[PDB]
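The chain below stands alone and is given as C-alpha cells, in the form deposited in one PDB entry.
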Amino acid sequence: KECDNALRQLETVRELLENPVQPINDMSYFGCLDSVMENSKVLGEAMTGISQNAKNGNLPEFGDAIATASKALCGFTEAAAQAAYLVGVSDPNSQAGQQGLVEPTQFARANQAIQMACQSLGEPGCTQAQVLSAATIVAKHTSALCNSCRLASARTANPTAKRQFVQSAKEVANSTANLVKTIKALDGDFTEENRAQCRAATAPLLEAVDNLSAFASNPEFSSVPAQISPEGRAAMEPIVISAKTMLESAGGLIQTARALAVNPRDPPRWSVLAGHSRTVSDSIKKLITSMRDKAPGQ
C-alpha cells in the first residue's frame, strides 16, 4: 500500500529504464560498470541482512537492511539506464542528445520552497521554532541549487555558462549565509528589529535565485533527447530487460521479507524469498554480461 515507500521507490526507479533517450548522470561506461559491481556487493550484504534479521526478528536492523538494499537498487538502475543510453547513442545511425545542465522542475521546486520559507519567517504570526524550521527548508533547497550549479559548470564547456553558473551559486550561498546569520541573531534575541532585519535579508536571496532562474531558463542549457536508431534500441534491450527483472524480483524479495519479519515460521514464504534472491542474482549477472557484450567502441 501507500505505506511501502521502498516498493513505491522501486516503481519510481523503473521509470529510468522506460526510455533512456537522455543521460541521467555524468558516468562513463566504465563508471557504470564499476557502479554495477559495487552495488552488487552492497546489495548482497543487504539481502543477507534482510533474511538474517527476519529470522532473528531484529526489526530496526532489518529496516536498515531494506534501506541499504533500496539504495543499492537505485544505484544499479541509474548505472544500467545510463549504460543503456550510452549503448544507444553510440550506434552510427543514432544522433546524440544534450544533457540538461540543471533539472528545471527540481529547480522550480527549490525556488518555490525557498520563497514560502522566506514568506513564513517574514510573518508576525511565526514562532521562534517556526523560524528555525523555515531556515532548514531555505537551507535544504539553497544548497540543492548551489550543488546543481556546480554540476552545471562541470558539464558545460561554455565559457560564459561556467562562470555565471558558479557566480550565481556564490550569490545564493552568500545571501543565504547572511539570512541564516540574522536568523541566528533572532534566535539569540527574538524581537521586532531582528524579525524586520530577517525580512530584509530574504530580498537579496530571492533576487539571486530569480537571476539564476532567468539564466538557467536559456534554451541552450536545457536537455535535448537523443535520436536513437532501431539498431541502438535493439542493442540496449538486454540491459534494460535484465535491470527491469532485477527490480521486479527485488520488490518481490522486500515484500515477502516484511511478511517473514512479522511471521518467521513459514516455509513457503522462505522458499519465495529464496527464489526472488536467486532471480535477482541471475538478473545482475545477465545485466553485467549484457553490458560487456554490448560495450561501445566494438
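For every residue, the number given is its place in the sequence shown, counted from 1. Just so we're on the same page, rigid core means the largest C-alpha set that superposes within 1.5 Å between forms.
One more form of this protein, deposited in another entry, exists but is not displayed; see below.
Superposing the two forms on their core leaves just one of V87, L73, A79, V209 with a Cα displacement of at least 2 Å between the shown form and the other one, namely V209. The gap between the Cα atoms of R163 and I24 is smaller in that other deposited form, by no less than 3 Å, than in this form. A shift of at least 3 angstroms pushes the Cα atoms of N39 and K140 further from each other in that other deposited form than in the displayed structure.
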